[PDB]
file input28.cif (mmCIF, C-alpha atoms and all ligand atoms)
data_work
#
loop_
_atom_site.label_atom_id
_atom_site.label_comp_id
_atom_site.auth_asym_id
_atom_site.auth_seq_id
_atom_site.Cartn_x
_atom_site.Cartn_y
_atom_site.Cartn_z
CA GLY A 3 0.00 0.00 0.00
CA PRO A 4 1.11 3.67 0.32
CA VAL A 5 4.55 4.36 1.90
CA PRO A 6 4.28 6.33 5.23
CA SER A 7 5.43 9.93 5.64
CA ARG A 8 6.24 12.21 8.52
CA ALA A 9 6.94 15.93 8.73
CA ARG A 10 10.63 16.95 8.56
CA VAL A 11 10.05 19.47 11.41
CA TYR A 12 8.04 19.52 14.68
CA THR A 13 7.32 15.77 14.62
CA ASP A 14 7.74 15.44 18.43
CA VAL A 15 5.75 18.46 19.62
CA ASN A 16 2.64 16.51 20.68
CA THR A 17 4.83 13.75 22.24
CA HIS A 18 6.81 16.24 24.42
CA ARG A 19 3.63 18.05 25.53
CA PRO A 20 1.27 16.61 28.18
CA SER A 21 -1.79 14.63 26.89
CA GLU A 22 -4.04 17.46 28.15
CA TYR A 23 -2.57 19.65 25.38
CA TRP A 24 -3.81 17.58 22.40
CA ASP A 25 -6.54 15.36 23.91
CA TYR A 26 -9.31 17.85 23.10
CA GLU A 27 -12.08 15.33 23.97
CA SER A 28 -10.94 15.36 27.65
CA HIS A 29 -10.90 19.22 27.78
CA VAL A 30 -13.46 20.78 30.14
CA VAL A 31 -14.83 24.05 28.65
CA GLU A 32 -14.88 27.10 30.97
CA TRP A 33 -18.18 28.86 30.06
CA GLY A 34 -18.45 32.65 30.15
CA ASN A 35 -21.51 34.89 30.53
CA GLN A 36 -23.62 35.10 27.33
CA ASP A 37 -25.21 38.41 28.55
CA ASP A 38 -21.79 40.21 28.35
CA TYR A 39 -22.34 40.18 24.56
CA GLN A 40 -24.98 42.08 22.65
CA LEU A 41 -25.31 41.08 18.97
CA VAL A 42 -25.19 44.05 16.52
CA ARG A 43 -25.39 42.60 12.98
CA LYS A 44 -24.99 39.36 11.10
CA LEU A 45 -21.69 39.32 9.18
CA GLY A 46 -22.09 35.94 7.48
CA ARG A 47 -23.13 32.30 7.60
CA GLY A 48 -20.90 29.41 6.57
CA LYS A 49 -21.42 25.64 6.54
CA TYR A 50 -20.65 25.31 10.29
CA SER A 51 -21.55 28.67 11.88
CA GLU A 52 -23.37 32.04 11.83
CA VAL A 53 -21.00 34.99 12.38
CA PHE A 54 -22.12 38.19 14.15
CA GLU A 55 -20.53 41.53 14.99
CA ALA A 56 -21.30 42.15 18.72
CA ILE A 57 -20.33 44.43 21.62
CA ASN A 58 -18.78 43.29 24.84
CA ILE A 59 -20.92 45.42 27.20
CA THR A 60 -18.30 45.02 30.07
CA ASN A 61 -15.81 47.30 28.14
CA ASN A 62 -17.91 48.55 25.13
CA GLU A 63 -15.41 46.93 22.72
CA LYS A 64 -16.38 45.25 19.45
CA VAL A 65 -16.14 41.45 19.23
CA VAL A 66 -17.09 38.80 16.68
CA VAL A 67 -19.38 35.95 17.75
CA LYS A 68 -19.30 32.63 15.86
CA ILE A 69 -22.45 30.65 16.79
CA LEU A 70 -21.84 27.03 15.95
CA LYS A 71 -24.50 25.18 13.94
CA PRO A 72 -25.68 21.90 15.66
CA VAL A 73 -22.94 19.58 14.25
CA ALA A 74 -20.47 16.84 15.57
CA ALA A 75 -19.31 17.96 19.08
CA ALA A 76 -15.80 16.47 18.43
CA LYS A 77 -15.09 19.24 15.81
CA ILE A 78 -16.21 21.93 18.34
CA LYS A 79 -13.96 20.77 21.23
CA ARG A 80 -11.03 20.47 18.73
CA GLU A 81 -11.38 24.09 17.55
CA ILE A 82 -11.72 25.34 21.14
CA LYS A 83 -8.59 23.47 22.30
CA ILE A 84 -6.55 24.68 19.31
CA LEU A 85 -7.60 28.33 19.84
CA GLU A 86 -6.75 28.08 23.57
CA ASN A 87 -3.40 26.41 22.83
CA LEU A 88 -2.47 29.12 20.30
CA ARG A 89 -3.84 32.13 22.22
CA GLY A 90 -1.33 35.01 22.36
CA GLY A 91 0.75 33.56 19.50
CA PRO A 92 1.98 35.90 16.71
CA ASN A 93 -0.87 36.91 14.40
CA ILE A 94 -3.23 34.20 15.76
CA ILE A 95 -6.83 35.42 16.27
CA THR A 96 -7.60 35.74 20.03
CA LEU A 97 -10.45 33.64 21.38
CA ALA A 98 -11.85 36.06 24.04
CA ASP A 99 -14.63 33.80 25.42
CA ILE A 100 -16.85 30.74 24.95
CA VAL A 101 -20.56 31.07 25.86
CA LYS A 102 -23.70 28.93 25.33
CA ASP A 103 -25.94 30.77 22.83
CA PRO A 104 -29.45 31.21 24.39
CA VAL A 105 -31.23 30.66 21.05
CA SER A 106 -29.27 27.88 19.28
CA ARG A 107 -28.30 26.18 22.64
CA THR A 108 -24.88 25.54 21.03
CA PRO A 109 -21.42 27.04 21.78
CA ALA A 110 -20.69 30.57 20.63
CA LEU A 111 -17.00 31.45 20.21
CA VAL A 112 -16.23 35.09 20.97
CA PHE A 113 -13.19 36.54 19.12
CA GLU A 114 -11.27 39.81 19.14
CA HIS A 115 -12.67 42.03 16.40
CA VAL A 116 -10.37 43.04 13.53
CA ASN A 117 -11.39 46.21 11.60
CA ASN A 118 -10.40 44.43 8.41
CA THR A 119 -9.70 46.12 5.10
CA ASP A 120 -12.06 45.02 2.28
CA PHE A 121 -10.70 41.84 0.59
CA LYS A 122 -11.00 43.35 -2.93
CA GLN A 123 -9.07 46.51 -1.94
CA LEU A 124 -6.26 44.35 -0.50
CA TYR A 125 -6.08 42.15 -3.63
CA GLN A 126 -6.17 45.19 -5.95
CA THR A 127 -3.90 47.64 -4.17
CA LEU A 128 -1.35 45.91 -1.91
CA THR A 129 2.12 46.79 -3.28
CA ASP A 130 5.12 44.50 -3.88
CA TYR A 131 6.50 45.66 -0.50
CA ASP A 132 3.08 45.05 1.22
CA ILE A 133 2.79 41.48 -0.20
CA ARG A 134 6.26 40.67 1.17
CA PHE A 135 5.44 42.34 4.51
CA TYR A 136 2.12 40.49 4.97
CA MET A 137 3.49 37.16 3.69
CA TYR A 138 6.18 37.48 6.46
CA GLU A 139 3.37 38.09 9.01
CA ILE A 140 1.50 34.96 7.78
CA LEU A 141 4.75 32.94 8.11
CA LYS A 142 5.03 34.05 11.77
CA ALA A 143 1.48 32.65 12.38
CA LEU A 144 2.18 29.37 10.48
CA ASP A 145 5.58 28.75 12.05
CA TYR A 146 3.94 29.37 15.44
CA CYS A 147 1.02 27.02 14.98
CA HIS A 148 3.24 24.31 13.35
CA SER A 149 5.76 24.72 16.27
CA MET A 150 2.73 24.15 18.55
CA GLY A 151 1.92 20.84 16.77
CA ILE A 152 -1.05 22.19 14.81
CA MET A 153 -1.78 22.44 11.09
CA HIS A 154 -4.34 25.03 9.96
CA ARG A 155 -5.58 23.11 6.83
CA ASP A 156 -7.64 26.10 5.49
CA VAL A 157 -5.08 28.72 4.55
CA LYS A 158 -6.66 31.06 1.96
CA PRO A 159 -7.08 34.87 1.67
CA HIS A 160 -10.58 34.96 3.26
CA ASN A 161 -8.99 33.36 6.39
CA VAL A 162 -6.32 36.11 6.65
CA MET A 163 -7.68 39.38 8.04
CA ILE A 164 -5.70 42.57 7.50
CA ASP A 165 -6.38 45.92 9.21
CA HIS A 166 -4.08 47.72 6.73
CA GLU A 167 -4.16 51.09 8.61
CA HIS A 168 -2.56 49.37 11.64
CA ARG A 169 -0.40 46.93 9.53
CA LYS A 170 -2.19 44.24 11.58
CA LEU A 171 -2.75 40.69 10.31
CA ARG A 172 -4.69 37.79 11.91
CA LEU A 173 -4.99 34.19 10.82
CA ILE A 174 -8.62 33.14 11.50
CA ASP A 175 -11.07 30.21 11.03
CA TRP A 176 -9.43 27.39 12.95
CA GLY A 177 -12.45 25.08 12.42
CA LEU A 178 -10.52 22.72 10.12
CA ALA A 179 -7.29 22.84 12.15
CA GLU A 180 -5.88 19.59 13.52
CA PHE A 181 -3.14 18.33 15.87
CA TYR A 182 -0.27 16.77 13.89
CA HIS A 183 0.60 13.26 15.14
CA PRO A 184 3.25 11.38 13.13
CA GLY A 185 1.76 8.42 11.28
CA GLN A 186 -1.83 9.65 11.63
CA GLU A 187 -4.06 9.33 8.54
CA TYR A 188 -6.13 12.49 8.08
CA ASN A 189 -9.27 13.30 6.15
CA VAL A 190 -8.31 14.70 2.71
CA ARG A 191 -11.60 16.72 2.53
CA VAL A 192 -9.96 19.91 3.96
CA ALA A 193 -8.94 23.33 2.51
CA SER A 194 -10.85 25.17 -0.18
CA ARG A 195 -10.66 23.67 -3.74
CA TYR A 196 -8.18 26.17 -5.23
CA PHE A 197 -5.83 25.81 -2.21
CA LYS A 198 -5.87 21.98 -1.91
CA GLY A 199 -2.38 20.44 -1.98
CA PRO A 200 -1.56 17.63 -4.43
CA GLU A 201 -1.51 15.24 -1.38
CA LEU A 202 -5.24 15.87 -0.91
CA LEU A 203 -6.01 15.58 -4.64
CA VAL A 204 -4.25 12.20 -4.96
CA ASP A 205 -5.91 10.96 -1.71
CA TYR A 206 -2.66 10.64 0.34
CA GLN A 207 -3.84 10.80 3.98
CA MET A 208 -0.54 10.86 5.91
CA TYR A 209 0.05 14.56 5.34
CA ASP A 210 1.37 17.27 7.68
CA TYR A 211 2.08 21.00 8.26
CA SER A 212 3.52 21.28 4.71
CA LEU A 213 -0.07 21.27 3.36
CA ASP A 214 -0.31 24.88 4.73
CA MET A 215 2.83 25.83 2.75
CA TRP A 216 1.20 24.64 -0.52
CA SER A 217 -1.95 26.74 0.29
CA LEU A 218 0.29 29.74 1.04
CA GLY A 219 2.01 29.26 -2.36
CA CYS A 220 -1.42 29.30 -4.09
CA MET A 221 -2.24 32.56 -2.29
CA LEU A 222 1.13 34.11 -3.32
CA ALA A 223 0.87 32.97 -6.97
CA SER A 224 -2.62 34.54 -7.33
CA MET A 225 -1.39 37.82 -5.74
CA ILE A 226 1.87 38.34 -7.70
CA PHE A 227 0.53 37.08 -11.04
CA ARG A 228 -2.88 38.84 -10.78
CA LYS A 229 -4.67 35.53 -11.53
CA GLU A 230 -7.51 34.73 -9.16
CA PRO A 231 -7.33 31.79 -8.39
CA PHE A 232 -3.96 30.66 -9.77
CA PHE A 233 -5.02 26.99 -10.19
CA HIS A 234 -8.63 27.26 -11.40
CA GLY A 235 -10.04 23.68 -11.23
CA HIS A 236 -13.68 23.01 -12.19
CA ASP A 237 -13.75 20.25 -9.48
CA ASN A 238 -11.15 18.32 -7.37
CA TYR A 239 -10.04 16.21 -10.37
CA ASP A 240 -9.65 19.12 -12.78
CA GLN A 241 -7.82 20.87 -9.88
CA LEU A 242 -4.95 18.38 -10.17
CA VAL A 243 -4.96 18.80 -14.00
CA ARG A 244 -4.63 22.62 -13.58
CA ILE A 245 -1.57 22.05 -11.29
CA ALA A 246 -0.08 19.53 -13.74
CA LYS A 247 -0.36 22.08 -16.64
CA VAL A 248 2.03 24.32 -14.63
CA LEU A 249 4.32 21.89 -12.71
CA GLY A 250 4.32 19.08 -15.34
CA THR A 251 3.16 15.48 -15.20
CA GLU A 252 6.69 13.81 -14.87
CA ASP A 253 7.18 15.24 -11.33
CA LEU A 254 3.57 14.23 -10.50
CA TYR A 255 4.21 10.60 -11.53
CA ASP A 256 7.53 10.64 -9.55
CA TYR A 257 5.61 11.86 -6.45
CA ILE A 258 2.94 9.12 -6.87
CA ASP A 259 5.77 6.54 -7.38
CA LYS A 260 7.74 7.65 -4.30
CA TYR A 261 4.74 7.37 -1.93
CA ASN A 262 3.42 4.19 -3.68
CA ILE A 263 0.07 5.94 -4.30
CA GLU A 264 -2.67 4.23 -6.36
CA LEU A 265 -3.81 7.19 -8.53
CA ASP A 266 -7.63 7.29 -9.15
CA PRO A 267 -8.14 5.76 -12.70
CA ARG A 268 -10.50 8.73 -13.47
CA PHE A 269 -7.16 10.67 -14.02
CA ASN A 270 -5.96 8.41 -16.91
CA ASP A 271 -8.19 10.18 -19.45
CA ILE A 272 -7.78 13.79 -18.20
CA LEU A 273 -4.20 14.36 -16.91
CA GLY A 274 -2.54 14.32 -20.36
CA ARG A 275 1.23 14.94 -20.66
CA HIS A 276 2.59 18.33 -19.65
CA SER A 277 6.04 19.78 -19.10
CA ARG A 278 6.82 22.27 -16.31
CA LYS A 279 6.32 25.88 -17.40
CA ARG A 280 9.01 28.38 -16.36
CA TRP A 281 7.54 30.92 -13.89
CA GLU A 282 8.46 33.74 -16.32
CA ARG A 283 5.68 32.44 -18.69
CA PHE A 284 3.08 33.92 -16.25
CA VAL A 285 4.67 37.44 -16.19
CA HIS A 286 2.90 40.17 -18.19
CA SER A 287 2.68 43.96 -18.22
CA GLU A 288 -0.17 44.01 -15.60
CA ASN A 289 1.69 41.91 -12.97
CA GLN A 290 5.39 42.89 -13.65
CA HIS A 291 5.31 45.35 -10.70
CA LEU A 292 4.75 42.43 -8.24
CA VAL A 293 7.18 39.96 -9.77
CA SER A 294 10.89 39.68 -9.01
CA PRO A 295 13.48 36.84 -9.36
CA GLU A 296 13.28 36.48 -5.48
CA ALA A 297 9.40 36.17 -5.62
CA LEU A 298 9.64 33.48 -8.32
CA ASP A 299 12.39 31.56 -6.47
CA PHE A 300 10.29 31.63 -3.27
CA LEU A 301 7.08 30.56 -5.04
CA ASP A 302 9.03 27.74 -6.74
CA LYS A 303 10.04 26.35 -3.34
CA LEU A 304 6.43 26.31 -1.97
CA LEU A 305 4.62 24.88 -5.01
CA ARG A 306 6.15 21.44 -5.12
CA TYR A 307 4.26 18.15 -5.48
CA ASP A 308 6.38 16.40 -2.84
CA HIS A 309 5.08 17.71 0.50
CA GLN A 310 8.44 16.77 2.15
CA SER A 311 10.35 18.99 -0.35
CA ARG A 312 8.52 22.29 0.33
CA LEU A 313 10.08 25.08 2.34
CA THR A 314 8.90 24.99 5.99
CA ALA A 315 7.55 28.27 7.46
CA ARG A 316 10.79 28.94 9.41
CA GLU A 317 13.02 28.28 6.32
CA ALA A 318 10.68 30.53 4.27
CA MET A 319 11.34 33.44 6.72
CA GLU A 320 15.08 33.28 5.74
CA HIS A 321 14.32 33.67 2.03
CA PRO A 322 15.76 36.62 0.03
CA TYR A 323 12.17 37.63 -0.94
CA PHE A 324 11.90 39.06 2.63
CA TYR A 325 15.27 40.87 2.78
CA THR A 326 13.53 44.20 1.93
CA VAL A 327 10.94 43.85 4.74
CA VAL A 328 11.65 46.06 7.78
CA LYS A 329 12.26 43.81 10.85
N1 LIG B 401 -12.36 38.29 14.30
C1 LIG B 401 -13.03 38.82 13.26
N2 LIG B 401 -13.06 40.17 13.13
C2 LIG B 401 -13.77 40.71 12.13
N3 LIG B 401 -14.49 40.08 11.19
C3 LIG B 401 -14.41 38.75 11.32
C4 LIG B 401 -13.72 38.05 12.30
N4 LIG B 401 -13.85 36.68 12.12
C5 LIG B 401 -14.61 36.58 11.05
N5 LIG B 401 -14.98 37.79 10.51
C6 LIG B 401 -15.84 38.03 9.36
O1 LIG B 401 -17.01 37.25 9.48
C7 LIG B 401 -17.65 37.25 8.18
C8 LIG B 401 -18.40 35.95 7.98
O2 LIG B 401 -17.49 34.83 7.95
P1 LIG B 401 -17.82 33.54 7.03
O3 LIG B 401 -16.95 32.36 7.27
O4 LIG B 401 -19.28 33.13 7.27
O5 LIG B 401 -17.71 34.02 5.51
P2 LIG B 401 -16.54 34.22 4.44
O6 LIG B 401 -15.26 34.55 5.10
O7 LIG B 401 -16.93 35.36 3.50
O8 LIG B 401 -16.42 32.87 3.60
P3 LIG B 401 -15.21 31.91 3.21
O9 LIG B 401 -14.01 32.17 4.05
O10 LIG B 401 -15.72 30.47 3.38
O11 LIG B 401 -14.93 32.16 1.71
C9 LIG B 401 -16.56 37.58 7.15
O12 LIG B 401 -16.87 38.81 6.50
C10 LIG B 401 -15.27 37.66 7.99
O13 LIG B 401 -14.40 38.66 7.49
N1 LIG B 402 -5.47 37.43 -2.17
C1 LIG B 402 -5.85 38.33 -1.57
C2 LIG B 402 -6.22 39.45 -0.73
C3 LIG B 402 -5.83 39.18 0.67
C4 LIG B 402 -6.67 38.93 1.72
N2 LIG B 402 -5.93 38.61 2.84
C5 LIG B 402 -4.60 38.68 2.53
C6 LIG B 402 -3.47 38.46 3.32
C7 LIG B 402 -2.22 38.58 2.73
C8 LIG B 402 -2.09 38.90 1.37
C9 LIG B 402 -0.73 39.04 0.75
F1 LIG B 402 -0.55 40.23 0.23
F2 LIG B 402 0.27 38.89 1.60
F3 LIG B 402 -0.53 38.17 -0.24
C10 LIG B 402 -3.23 39.12 0.60
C11 LIG B 402 -4.50 39.02 1.17
#

call {"tool": "encode", "arguments": {"input": "input28.cif", "output": "structure tokens"}}
result
Amino acid sequence: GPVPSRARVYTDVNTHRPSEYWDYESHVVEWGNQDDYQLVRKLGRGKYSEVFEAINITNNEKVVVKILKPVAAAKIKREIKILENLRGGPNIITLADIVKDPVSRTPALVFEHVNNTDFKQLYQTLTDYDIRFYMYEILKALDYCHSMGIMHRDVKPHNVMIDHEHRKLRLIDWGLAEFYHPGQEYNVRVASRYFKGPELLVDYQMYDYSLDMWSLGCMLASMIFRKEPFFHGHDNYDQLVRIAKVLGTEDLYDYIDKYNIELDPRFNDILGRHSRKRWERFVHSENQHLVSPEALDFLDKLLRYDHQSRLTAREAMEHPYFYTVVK
């Protein structure tokens, strides 16, 4: 069957920590006072929650309340434990409280509010310097959570809040996050389609933190090349074909061979034969201002089929692409 894999960094984190750290089922939730929060307006509704802007009436400060939809309780305790474990970490959203919603009778996660800049404005106007600056801020969040034995598994621009006025970034939406345990087989139905790593698309379950680094590369490619999304699959199968038209099919077959993966036969008629395209092929007059040899070298080291061959978040921080960023 498939050959096992383990991360090349932070494999022992959850072994060195006490069981209480990762055993989220055993965690006893400390419930706050639901009346401290007055809902102001609905901000959105996803598959797993309804999101509201609210006011903490004990300090008159804005908060965001995520009221969980009645779903599997195991997912809820996992997100709570991860948020508590990561609290105070660089650029990690702060979980301010956990209360029982009086209407839904389900948990409501209270977060610090970020006065976030409109997603479209960020995509359209962040400069070359700003992309490098904010990518460095995301790497601080990812190296932190990976160093804490957690993979985010849903890295994408809608999960990265920026209050541009205050040069403030927060990595949010930890609902798909998981503790990394070497040898564990994980569910491949994670991340948004355009950000799914090849490991997910080829149904390789023994993945790790490096999945986040692929997602980050997808985010970077779409920003610098002005191509939203960069890999535009019609479904999860066509998603792998879109990647193969850029990275080539030879390296894909080598990846499948190395990990002894049985590729879904549905791919035999759609993958075709493709050679890697040099990153310069995607440069044009409308994206030249965001492209540099350092950006292309960095992107090249994230977008690799072999999850063990990608830069880790800490190695990425050392890359020349960030030399210009004020530290
Ligand atoms: N801490 C926070 N501060 C401010 N706004 C927040 C915070 N957390 C979440 N939000 C906002 O809550 C809103 C609703 O979130 P939701 O997951 O339902 O939608 P979405 O982000 O637009 O979708 P998706 O990420 O799946 O594409 C979004 O506009 C998001 O920016
Ligand atoms: N794509 C897109 C827009 C966007 C939303 N949140 C971000 C966080 C970082 C970056 C960075 F500039 F660093 F790539 C971009 C965004």

call {"tool": "closest_residue", "arguments": {"input": "input28.cif", "among": "A:144, A:273, A:162, A:193", "to": "ligand LIG 402 (chain B)", "atoms": "only C-alpha atoms and all ligand atoms"}}
result
A:162

call {"tool": "residues_around", "arguments": {"input": "input28.cif", "residues": "range 123-138 of chain A", "least_positions_apart": "4", "cutoff": "7 Å", "atoms": "only C-alpha atoms", "output": "ChimeraX atom specification"}}
result
/A:119,142,225,291-292,319,323-324,327

call {"tool": "closest_residue", "arguments": {"input": "input28.cif", "among": "A:141, A:223, A:245, A:75", "to": "residue 177 in chain A", "atoms": "all atoms listed in the file"}}
result
A:75

call {"tool": "atom_distance", "arguments": {"input": "input28.cif", "atom1": "CA of residue 242 in chain A", "atom2": "CA of residue 203 in chain A"}}
result
6.3 Å

call {"tool": "axis_aligned_box", "arguments": {"input": "input28.cif", "around": "ligand LIG 401 (chain B)", "padding_each_side": "5 Å", "output": "lines of an AutoDock Vina configuration file"}}
result
center_x = -15.8
center_y = 35.6
center_z = 8.0
size_x = 16.9
size_y = 20.2
size_z = 22.6

call {"tool": "residues_around", "arguments": {"input": "input28.cif", "residues": "residue 45 in chain A", "least_positions_apart": "3", "cutoff": "9 Å", "atoms": "all atoms listed in the file", "output": "list in words"}}
result
residues 52, 53, 54, 55 and 66 of chain A

call {"tool": "residues_near_ligand", "arguments": {"input": "input28.cif", "ligand": "ligand LIG 401 (chain B)", "cutoff": "9 Å", "atoms": "all atoms listed in the file", "output": "number ranges by chain"}}
result
A: 44-55, 64-68, 95-97, 112-118, 120-121, 156, 158-163, 172, 174-175, 194

call {"tool": "closest_residue", "arguments": {"input": "input28.cif", "among": "A:148, A:236, A:244, A:155", "to": "residue 91 in chain A", "atoms": "only C-alpha atoms"}}
result
A:148

call {"tool": "residues_around", "arguments": {"input": "input28.cif", "residues": "residue 18 in chain A", "least_positions_apart": "3", "cutoff": "12 Å", "atoms": "all atoms listed in the file", "output": "PyMOL selection string"}}
result
chain A and resi 12-15+21-24+149-151+183

call {"tool": "residues_around", "arguments": {"input": "input28.cif", "residues": "residue 171 in chain A", "least_positions_apart": "2", "cutoff": "7 Å", "atoms": "all atoms listed in the file", "output": "list in words"}}
result
residues 93, 139, 162, 163, 164, 165, 169 and 173 of chain A

call {"tool": "decode", "arguments": {"input": "input28.cif", "residues": "range 69-88 of chain A", "atoms": "N, CA, C and O atoms", "output": "mmCIF file, in the first residue's frame"}}
result
data_model
loop_
_atom_site.group_PDB
_atom_site.id
_atom_site.type_symbol
_atom_site.label_atom_id
_atom_site.label_comp_id
_atom_site.auth_asym_id
_atom_site.auth_seq_id
_atom_site.Cartn_x
_atom_site.Cartn_y
_atom_site.Cartn_z
ATOM 1 N N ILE A 69 -21.498 31.590 16.176
ATOM 2 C CA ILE A 69 -22.450 30.652 16.795
ATOM 3 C C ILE A 69 -22.441 29.376 15.991
ATOM 4 O O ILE A 69 -22.855 29.347 14.821
ATOM 5 N N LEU A 70 -22.003 28.307 16.626
ATOM 6 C CA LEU A 70 -21.839 27.034 15.945
ATOM 7 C C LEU A 70 -23.168 26.384 15.608
ATOM 8 O O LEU A 70 -24.102 26.429 16.404
ATOM 9 N N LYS A 71 -23.287 25.882 14.382
ATOM 10 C CA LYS A 71 -24.498 25.181 13.941
ATOM 11 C C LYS A 71 -24.520 23.812 14.645
ATOM 12 O O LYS A 71 -23.438 23.262 14.857
ATOM 13 N N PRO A 72 -25.695 23.234 15.014
ATOM 14 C CA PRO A 72 -25.678 21.901 15.655
ATOM 15 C C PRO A 72 -25.056 20.846 14.730
ATOM 16 O O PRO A 72 -25.668 20.423 13.742
ATOM 17 N N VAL A 73 -23.781 20.509 15.011
ATOM 18 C CA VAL A 73 -22.940 19.577 14.247
ATOM 19 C C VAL A 73 -22.150 18.667 15.238
ATOM 20 O O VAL A 73 -22.368 18.789 16.449
ATOM 21 N N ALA A 74 -21.268 17.756 14.737
ATOM 22 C CA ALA A 74 -20.467 16.844 15.567
ATOM 23 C C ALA A 74 -19.632 17.586 16.623
ATOM 24 O O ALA A 74 -18.748 18.380 16.279
ATOM 25 N N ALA A 75 -19.953 17.341 17.915
ATOM 26 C CA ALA A 75 -19.312 17.958 19.081
ATOM 27 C C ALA A 75 -17.785 17.799 19.128
ATOM 28 O O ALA A 75 -17.109 18.637 19.737
ATOM 29 N N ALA A 76 -17.243 16.733 18.482
ATOM 30 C CA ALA A 76 -15.797 16.471 18.427
ATOM 31 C C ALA A 76 -15.059 17.605 17.699
ATOM 32 O O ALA A 76 -14.000 18.028 18.164
ATOM 33 N N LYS A 77 -15.646 18.129 16.590
ATOM 34 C CA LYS A 77 -15.091 19.242 15.812
ATOM 35 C C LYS A 77 -15.060 20.519 16.673
ATOM 36 O O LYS A 77 -14.099 21.287 16.600
ATOM 37 N N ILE A 78 -16.113 20.743 17.485
ATOM 38 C CA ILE A 78 -16.214 21.929 18.342
ATOM 39 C C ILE A 78 -15.126 21.956 19.425
ATOM 40 O O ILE A 78 -14.409 22.958 19.553
ATOM 41 N N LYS A 79 -14.971 20.841 20.180
ATOM 42 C CA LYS A 79 -13.957 20.766 21.233
ATOM 43 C C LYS A 79 -12.538 20.900 20.618
ATOM 44 O O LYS A 79 -11.661 21.450 21.259
ATOM 45 N N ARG A 80 -12.339 20.390 19.399
ATOM 46 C CA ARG A 80 -11.031 20.469 18.734
ATOM 47 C C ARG A 80 -10.661 21.939 18.421
ATOM 48 O O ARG A 80 -9.528 22.387 18.688
ATOM 49 N N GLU A 81 -11.626 22.691 17.868
ATOM 50 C CA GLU A 81 -11.381 24.093 17.549
ATOM 51 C C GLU A 81 -11.139 24.874 18.827
ATOM 52 O O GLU A 81 -10.263 25.725 18.861
ATOM 53 N N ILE A 82 -11.936 24.612 19.896
ATOM 54 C CA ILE A 82 -11.719 25.339 21.142
ATOM 55 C C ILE A 82 -10.307 25.105 21.708
ATOM 56 O O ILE A 82 -9.608 26.056 22.103
ATOM 57 N N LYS A 83 -9.889 23.827 21.746
ATOM 58 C CA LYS A 83 -8.591 23.470 22.304
ATOM 59 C C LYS A 83 -7.440 24.096 21.498
ATOM 60 O O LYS A 83 -6.515 24.655 22.075
ATOM 61 N N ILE A 84 -7.568 24.079 20.183
ATOM 62 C CA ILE A 84 -6.553 24.677 19.308
ATOM 63 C C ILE A 84 -6.439 26.192 19.541
ATOM 64 O O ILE A 84 -5.329 26.714 19.697
ATOM 65 N N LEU A 85 -7.593 26.894 19.598
ATOM 66 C CA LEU A 85 -7.603 28.331 19.844
ATOM 67 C C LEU A 85 -7.010 28.665 21.212
ATOM 68 O O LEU A 85 -6.255 29.615 21.324
ATOM 69 N N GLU A 86 -7.305 27.851 22.241
ATOM 70 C CA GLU A 86 -6.750 28.078 23.573
ATOM 71 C C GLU A 86 -5.251 27.818 23.590
ATOM 72 O O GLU A 86 -4.491 28.614 24.159
ATOM 73 N N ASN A 87 -4.828 26.738 22.926
ATOM 74 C CA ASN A 87 -3.396 26.413 22.829
ATOM 75 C C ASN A 87 -2.594 27.507 22.149
ATOM 76 O O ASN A 87 -1.479 27.794 22.572
ATOM 77 N N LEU A 88 -3.156 28.114 21.082
ATOM 78 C CA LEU A 88 -2.466 29.120 20.304
ATOM 79 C C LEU A 88 -2.626 30.554 20.781
ATOM 80 O O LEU A 88 -1.997 31.444 20.215
#
